[PDB]
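The data below hold one chain only, encoded as structure tokens and taken in the form deposited in one PDB entry.
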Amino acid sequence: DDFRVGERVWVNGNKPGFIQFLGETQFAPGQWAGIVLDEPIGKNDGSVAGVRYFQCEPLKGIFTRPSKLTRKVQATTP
């Protein structure tokens, strides 16, 4: 089963969140997954260079390739 919008994922296997976006962007080619993280340990608010892909609180958003996502937790932060 492939990834779908709304699914519980772990970015790089350690940062928990939900997929809010799955598609093409203006910042880079190919398919990108836009995730709203549980905590503000991300890089954006769902927008990049003024273009909005999804909406979340500042630094709770992050974009990654779908293959870097895991459905369950996989193993310098206190």
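Numbering starts at 1 and runs along the sequence shown.
Beyond what is shown, the protein has a form deposited with a partner chain bound; the following relates to that form.
Original post:
Is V11 a contact residue for its partner chain in the deposited bound form, using a 4.5 Å heavy atom cut-off?
Top reply: Heavy-atom contact with its partner chain at 4.5 Å: present for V11.
**OP:** Indicate whether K43 is a 4.5 Å heavy atom neighbour of its partner chain in the deposited bound form.
**Re:** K43 belongs to the contact set for its partner chain.
Original post:
For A28, is any heavy atom within 4.5 Å of its partner chain in the deposited bound form, or not?
Top reply: Flag for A28 set to yes.
**OP:** Using the partner position in the deposited bound form, report whether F21 sits within 4.5 Å of its partner chain, counting heavy atoms only.
**Re:** Looking in the deposited bound form, residue contacts with its partner chain do not include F21, since no heavy atom lies within 4.5 Å.
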